[PDB]
Amino acid sequence: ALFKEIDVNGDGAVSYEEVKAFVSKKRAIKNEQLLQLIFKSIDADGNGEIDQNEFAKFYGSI
Amino acid sequence: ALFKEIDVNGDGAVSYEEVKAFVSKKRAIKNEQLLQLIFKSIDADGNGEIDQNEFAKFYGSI
Amino acid sequence: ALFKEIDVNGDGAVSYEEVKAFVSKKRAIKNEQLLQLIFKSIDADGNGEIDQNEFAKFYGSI
Ligand SMILES: [Ba+2]
Ligand SMILES: [Ba+2]
Ligand SMILES: [Ba+2]
Ligand SMILES: [Ba+2]
Ligand SMILES: [Ba+2]
Ligand SMILES: [Ba+2]
Ligand SMILES: [Ba+2]
Ligand SMILES: [Ba+2]
Ligand SMILES: [Ba+2]
């Protein structure tokens with residue numbers, strides 16, 4: 001449950017400092033998750049890296 | 001006065017480095033201030049922490 | 001070329017870690033570049049710093 005994720009110390013309470021620590025790491029993730037998506041959207045062969053011809057395709061008109 | 005806040009060293013000038021340091025800490029505050037607001041909006045008893053039943057209320061439909 | 005900027009190590013590939021490092025430093029720049037613009041927009045004499053009377057002008061109605 002979401003509460004148990006935030007209430008890190010596990011004492012049934014969520015301190016401000018904890019909410020804050022969560023609120024941020026939540027945001028910190030759809031960043032990593034979006035970028036990853038954007039990435040693999042470019043890396044076609046899922047080989048781990050983008051070469052010139054993938055980067056080439058990705059950009060431009062038509 | 002706002003100028004005296006930014007011109008930290010107090011020499012009548014505001015360097016870029018200072019504006020920058022201010023511009024950021026200004027932003028750094030409505031973050032803390034908004035979240036705090038959001039927080040105490042959830043913590044009903046203002047006891048310092050949110051328990052399950054407050055978190056319970058906060059979320060959901062109806 | 002943009003690719004050579006990102007592919008820092010210069011091995012023809014762009015790792016995620018690199019894209020990420022780029023994506024951020026790109027963003028990190030229009031920040032510095034916008035603020036600088038805003039700054040020199042205030043510093044009229046381009047002397048390096050804003051005095052009271054420039055800051056005075058900058059603010060307000062009429
Ligand atoms: Ba706790
Ligand atoms: Ba893929
Ligand atoms: Ba590839
Ligand atoms: Ba100064
Ligand atoms: Ba309250
Ligand atoms: Ba409470
Ligand atoms: Ba590389
Ligand atoms: Ba100027
Ligand atoms: Ba000046």
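Residues numbered from 1 in each chain as written, not as in the entry; some residues may be left out. Chains lettered and ligands numbered in written order. Heavy atoms only, no water. Residues with missing side-chain atoms left out of burial classes, pairs and counts.

- Header annotation of the entry names X-ray crystallography as the structure determination method and lists the resolution as 3.20 Å.

1. A short note on the interface of chain A and chain B
Accessible area lost when the parts come together is the quantity often used to give the size of an interface.
So, point 1. At the interface, eleven residues of chain A touch eleven residues of chain B.
So, point 2. In terms of surface lost to chain B, no three residues of chain A exceed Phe3(A), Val14(A) and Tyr16(A), which account for 56% of the buried area on that side.
So, point 3. Scanning the region where chain A abuts chain B turns up one salt bridge.
So, point 4. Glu32(B) is the partner of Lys20(A) in a salt bridge, and the nearest nitrogen-oxygen pair spans 2.6 Å.
So, point 5. Across the chain A-chain B interface, the total number found is four residue pairs in polar contact.
So, point 6. Elements represented by at least two residues in the side of chain A that touches chain B include exactly helix 1 (2-6), strand 1 (14-15) and helix 2 (16-42) of chain A.
So, point 7. Per element, the largest residue contribution to the side of chain A that touches chain B is four residues, and it comes from helix 2 of chain A.
So, point 8. Its residues assigned to classes, the side of chain A that touches chain B shows eight nonpolar, two polar and one charged. (Contact = heavy atoms within 4.5 Å. Buried area = accessible area lost by both parts, 1.4 Å probe. Salt bridge = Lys/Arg side-chain N within 4 Å of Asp/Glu carboxyl O. Polar contact = N/O pair within 3.5 Å; in protein donor to acceptor, adjacent residues only side chain to side chain. Helix = DSSP H or I, 4+ residues; strand = E, 2+ residues; numbered from the N terminus. Nonpolar A, V, L, I, M, F, W, Y, C, P; charged D, E, K, R; others polar.)

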